[PDB]
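Here the Cβ is made from the backbone with ideal geometry for all residues, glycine too, and neighbour counts use every protein chain on show. The values are calculated or read from the model by the stated rules, or taken from the named source; none is laboratory data.
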Amino acid sequence: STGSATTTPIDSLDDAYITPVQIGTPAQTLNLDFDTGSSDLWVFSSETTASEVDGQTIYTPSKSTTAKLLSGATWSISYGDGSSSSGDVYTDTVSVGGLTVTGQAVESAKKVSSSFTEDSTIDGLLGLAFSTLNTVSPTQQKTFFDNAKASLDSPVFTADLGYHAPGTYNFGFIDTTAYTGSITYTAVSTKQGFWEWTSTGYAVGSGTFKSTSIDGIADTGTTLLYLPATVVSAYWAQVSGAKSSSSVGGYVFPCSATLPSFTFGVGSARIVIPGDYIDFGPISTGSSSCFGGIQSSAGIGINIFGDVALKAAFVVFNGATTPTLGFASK
Ligand SMILES: NCc1ccc(C(F)(F)F)cc1
Ligand SMILES: NCc1ccc(C(F)(F)F)cc1
């Protein structure tokens, strides 16, 4: 079996992407943020503190004939940006783009942090990292992908994110019309629970490619590209007037500047990020300072190939017994 669903940017800056997901019987459709950097499926629900809900669509387990409370199970998650949420756990039927999993753990939020409440377009997250990171206690739960793996035609899903445009998540097959050239596959380490891989280097604009190993994670749930300080400094040095701002929390640049492209290595292949993808617009309404899409990972502890990088490519998440990541130009 296979599934295919359209994913849509939530705003004009591509800050995140939402994908419709059917939960329960009869279906309740929620727009979830597909996150290859986490492993919990959690949703706003009828159990969420009413003051913490502001326009989200909520899951109501009492209206689903297939929902079952997972007795005594709880969950609690904190994300790398300081976001958090927690609650209890149901099992229910979950379908993505025609692909149905029964008995999927659906984590119902009782408390959510402010950053989720203010994001009225995101009804929850669907985690697609490895199940070892799932926070359900005392019995850890599997991700949607792990539960679907057996019935998929191939144990893969692909992310085809659009630049200021809709894109596609596919489960169980590789659309050979969605990319150009060949797919370059590279090894994945699962030791930390992430889709972790090693990039073979980088180039700024039309400069010389610098061969150097950059270990990082493929994370559809993170907007920007976070790379070591040496790399990020070399990129922004090519932008007239760009500087690191402590009050803003990263590199900013004059909105009138033209940004160079950024190339990253996948084995012997090269993925080119157009400079326009790195512009995240004015730091405040009316400002002439703009926020950069490539920032330093020094404060984070891990390098993150977020949406800025992934949307420049067709990306295969191969969940075979030896997992791999594939990248193709598009
Ligand atoms: N998108 C989920 C996520 C968030 C934060 C991190 C960090 F910061 F810990 F690396 C990894 C994955
Ligand atoms: N990386 C996971 C993640 C995704 C989205 C959000 C936001 F933007 F909704 F707060 C926080 C954390």
Please work out which one of (1) within 13 Å of ligand 2 (Cβ to nearest atom); (2) farther than 27 Å from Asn303 by Cβ is the condition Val101 fails and give its number. (1)
If the requirement is being in contact with a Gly (Cβ under 6 Å, 6 or more places away or on another chain) and either surrounded by 15 or more Cβ atoms within 10 Å (Cβ to Cβ) or in the same structural domain as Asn318 (by CATH) (or both), which of these qualifies: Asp33, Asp40? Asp40
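This table checks each residue for (1) within 14 Å of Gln141 (Cα to Cα); (2) within 16 Å of ligand 2 (Cβ to nearest atom); (3) free of Cβ contacts under 8 Å to residues at least 60 places away in the same chain.
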position	(1), (2), (3)
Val21	no, yes, no
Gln28	no, no, yes
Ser51	no, no, yes
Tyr59	no, no, no
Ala67	no, no, yes
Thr74	yes, no, no
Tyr90	yes, no, yes
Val96	no, no, no
Quick one: is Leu99 of a type outside the set (D, E, K, R), under 30 Å from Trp197 (Cβ atoms) and not assigned by CATH to the domain that holds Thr220? yes
In the range 211-237, which residues are more than 16 Å from ligand 1 (Cβ to nearest atom), more than 22 Å from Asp15 (Cα to Cα) and either surrounded by 15 or more Cβ atoms within 10 Å (Cβ to Cβ) or not assigned by CATH to the domain that holds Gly286 (or both)? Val231, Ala234
Among the residues of the range 151-165, is any closer than 30 Å to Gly292 by Cα, without any contact (Cβ under 8 Å) to a residue 60 or more places away in the chain and away from ligand 1 (no atom under 16 Å from the Cβ)? no
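Residues in the range 1-21 that are in a strand (DSSP E or B) and more than 16 Å from ligand 1 (Cβ to nearest atom): how many? Walk me through it before giving the result.
First, the residues of the range 1-21 that are in a strand (DSSP E or B): 3-9, 17-21.
Of the ones still in play, those that are also more than 16 Å from ligand 1 (Cβ to nearest atom) are 3-6, 8-9, 20-21.
Residues that pass the stated criteria total 8.
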Considering the range 291-326, residues that are more than 23 Å from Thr230 (Cβ to Cβ), more than 15 Å from the chain's Cα centre (by Cα) and not polar (S, T, N, Q), and then whichever is surrounded by the fewest Cβ atoms within 10 Å (Cβ to Cβ), we arrive at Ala320
Hits in the range 234-276 - residues which are part of a helix (DSSP H, G or I), within 25 Å of the chain's Cα centre (by Cα) and under 22 Å from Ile300 (Cα atoms): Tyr235, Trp236
Selection from the range 167-181 of residues that are closer than 16 Å to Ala312 by Cβ and either in contact with a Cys (Cβ under 6 Å, 6 or more places away or on another chain) or not aliphatic (A, V, I, L, M) (or both): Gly167, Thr168, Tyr179, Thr180, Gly181
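Step by step: first the residues of the range 113-140, then only those that are assigned to a helix (DSSP H, G or I), surrounded by fewer than 24 Cβ atoms within 10 Å (Cβ to Cβ) and under 19 Å from the mean Cα position of the chain (by Cα), then the one that is farthest from ligand 1 (Cβ to nearest atom). Which residue is that? I'd like the intermediate steps shown before the answer.
Step one: list which residues in the range 113-140 are assigned to a helix (DSSP H, G or I), which gives 114-117, 131-133.
From the residues that got through so far, the ones that are surrounded by fewer than 24 Cβ atoms within 10 Å (Cβ to Cβ) too are 114-115, 117, 131-133.
Filter once more, so that each one left must be under 19 Å from the mean Cα position of the chain (by Cα): 115, 117, 131-133.
Details: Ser115: 12, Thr117: 18, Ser131: 15, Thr132: 13, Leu133: 9 Å.
Among those that are assigned to a helix (DSSP H, G or I), surrounded by fewer than 24 Cβ atoms within 10 Å (Cβ to Cβ) and under 19 Å from the mean Cα position of the chain (by Cα), it is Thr117.
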List pairs: first residue in the range 289-313 and under 21 Å from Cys255 (Cα atoms) and outside the structural domain of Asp81 (by CATH), second residue assigned to a helix (DSSP H, G or I) and among the small types (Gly, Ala, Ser) anywhere in the structure, Cβ distance under 7 angstrom, at least six positions apart or on different chains. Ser296/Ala229
Residues that are crowded, with 20+ Cβ neighbours inside 10 Å and farther than 25 Å from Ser1 by Cβ: does the range 89-102 have at least one? yes
So is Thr177 more than 20 Å from the chain's Cα centre (by Cα) and without any contact (Cβ under 8 Å) to a residue 12 or more places away in the chain or not? yes
Looking across the range 213-227 at residues that are within 14 Å of ligand 2 (Cβ to nearest atom) and part of a strand (DSSP E or B), the single one that is nearest to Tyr169 (Cα to Cα) is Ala218
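Do we find a residue being assigned to a loop (DSSP other than H, G, I, E, B) and among the β-branched types (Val, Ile, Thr) anywhere in the range 198-211?
Within the range 198-211, the first condition is being assigned to a loop (DSSP other than H, G, I, E, B), and the residues that meet it are 205-209.
Narrowing the set further to residues that are among the β-branched types (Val, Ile, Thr) leaves 208.
Scanning the range 198-211, I find at least one residue that is assigned to a loop (DSSP other than H, G, I, E, B) and among the β-branched types (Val, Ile, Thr), so the answer is yes.
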